[PDB]
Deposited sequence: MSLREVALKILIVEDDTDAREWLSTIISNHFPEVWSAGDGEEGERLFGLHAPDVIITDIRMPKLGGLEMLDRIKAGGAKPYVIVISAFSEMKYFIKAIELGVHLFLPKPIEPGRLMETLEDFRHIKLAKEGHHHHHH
């Protein structure tokens, strides 16, 4: 019933910051540095929420999502957001939220709080 969160950010500093802030309120938190690790961690822990970068090494956040969405799963998705092409594809994929960098902590935590309330309602 706990909200499981997966963070996919290629920047070491930003990834660890996200992880630290989030784990302070949510125990089930995992983080990856590219779309491949991200896809593996997703299959391994089936997180409820995915917070992911778009441009990343090895595999982009959108190709990663497509591979995930193309497996049945329908997690809540927060996108860490320069070209309209990315946005548009992010819509086809079904992205739920777009968070502008520098990531704003309150908005993020507030959004996750919203995601849990929704999870309980359906458990």
Next item on the list: Take the full deposited sequence, match it to the modelled residues, and report the stretches without C-alphas.
Entry: 1-5, 87-88, 131-137
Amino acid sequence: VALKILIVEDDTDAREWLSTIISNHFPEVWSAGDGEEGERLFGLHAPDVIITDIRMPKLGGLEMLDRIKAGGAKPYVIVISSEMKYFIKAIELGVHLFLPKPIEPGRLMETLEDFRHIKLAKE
From here on, numbers count along this sequence of modelled residues.
Next item on the list: Compare the mean C-alpha B-factor of 14-22 with that of 95-103 as given in the PDB entry, and name the stretch with the higher value.
Entry: 95-103
Item checked: 66-74 versus 31-39 - greater average Cα B-factor per the deposited record -> 66-74
Notebook entry, point to check: Checking the entry, which one of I54, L59, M84, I51 has the top C-alpha B factor?
Noted result: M84
Next item on the list: Determine, from the deposited record, the chain-internal third of the Cα B-factor for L3: lowest, middle or highest.
Entry: middle
